[PDB]
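Here is the structure we will look at, set down as structure tokens.
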Amino acid sequence: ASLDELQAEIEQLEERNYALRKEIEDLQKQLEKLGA
Amino acid sequence: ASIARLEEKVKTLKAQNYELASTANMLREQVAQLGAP
């Protein structure tokens, strides 16, 4: 409801964006290993 | 114009987070199932 709120929501979104990228990368390593 | 720029950034991040979470969830299902066969 304000510039500050939008910027705080953006911060939250970009932290989530990071977490998904990291987890995706970790899942990809686990998935390749699951091919023995 | 700043407000409009931030609102568009919110929308863009949500859309991209939606794509990422969908990918993460696909991989979680594959990993979870392959790992517990």
Side-chain angles (χ1 to χ4, degrees):
Chain A
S2 73
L3 199 97
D4 291 330
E5 272 192 25
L6 291 168
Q7 283 168 347
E9 177 176 10
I10 290 173
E11 171 63 33
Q12 187 177 66
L13 283 166
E14 300 209 82
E15 297 169 7
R16 181 65 48 210
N17 194 279
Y18 168 69
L20 293 161
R21 293 172 176 269
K22 265 300 211 152
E23 187 60 12
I24 284 175
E25 210 149 271
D26 187 75
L27 286 163
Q28 289 169 326
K29 299 180 210 308
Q30 298 193 49
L31 189 58
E32 90 189 351
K33 291 312 95 176
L34 287 189
Chain B
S2 51
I3 298 295
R5 179 185 64 83
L6 292 196
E7 286 170 334
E8 183 67 30
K9 190 172 181 43
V10 168
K11 172 185 286 195
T12 294
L13 284 161
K14 287 172 173 177
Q16 187 180 75
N17 286 2
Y18 180 81
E19 303 168 355
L20 292 169
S22 313
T23 298
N25 275 339
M26 283 186 31
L27 295 162
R28 283 198 266 256
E29 227 190 1
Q30 304 170 30
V31 165
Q33 286 180 9
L34 308 211

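Throughout, protein chains are lettered first and strands after them, A, B, ... in sequence-line order, and every chain is numbered starting at 1.
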Fill in: Nearest heavy-atom neighbours spanning A:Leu34 and B:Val31
CD1-O, 3.7 Å

Worksheet item: What is the minimum heavy-atom distance between B:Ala24 and A:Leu20, and which atoms define it?
Response: CB-CD2, 4.3 Å

Discussion item. Looking at A:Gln12, I'd like to know if its CD atom is crowded, meaning that more than 12 non-hydrogen atoms belonging to other residues, nucleotides or ligands lie closer than 6.0 Å.
Written reply: no

Practice prompt. Quick one: pull up CD in A:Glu23 and OG1 in B:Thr23 and give me the separation to the nearest 0.5 Å.
Written response: 12.5 Å

Item to complete: Would you give the length of the straight line joining atom CG of B:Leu13 to atom CD of A:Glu11, rounded to the nearest 0.5 angstrom?
Response: 10.5 Å

Worksheet item: Given the options B:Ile3, B:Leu34, B:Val10, which has more heavy-atom pairs under 4.5 Å with chain A than any of the others?
Response: B:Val10

Discussion item. As an exercise, state the distance from NZ of B:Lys11 to CG of A:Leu13, rounded to the nearest 0.5 Å.
Written reply: 13.5 Å

Discussion item. Looking at B:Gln30, I want to see if its CD is surrounded by more than 12 non-hydrogen atoms of other residues, nucleotides or ligands under 6.0 Å.
Written reply: yes

Practice prompt. Flag the pair A:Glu9 and B:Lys9 as a salt bridge only when some basic side-chain nitrogen lies within less than 4.0 angstrom of an acidic carboxylate oxygen.
Written response: no

Discussion item. Would you compute the distance between atom CG of A:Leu3 and atom CD of B:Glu7 and round it to the nearest 0.5 angstrom?
Written reply: 10.0 Å

Fill in: Residues B:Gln16 and A:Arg16: side-chain donor-acceptor under 3.5 angstrom
no

Worksheet item: Hey, what do you get for CG (A:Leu6) to CD (B:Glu8), rounding to the nearest 0.5 Å?
Response: 12.0 Å

Discussion item. Please report the interatomic distance CD(B:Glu19) to CG(A:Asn17), rounded to the nearest 0.5 Å.
Written reply: 9.5 Å

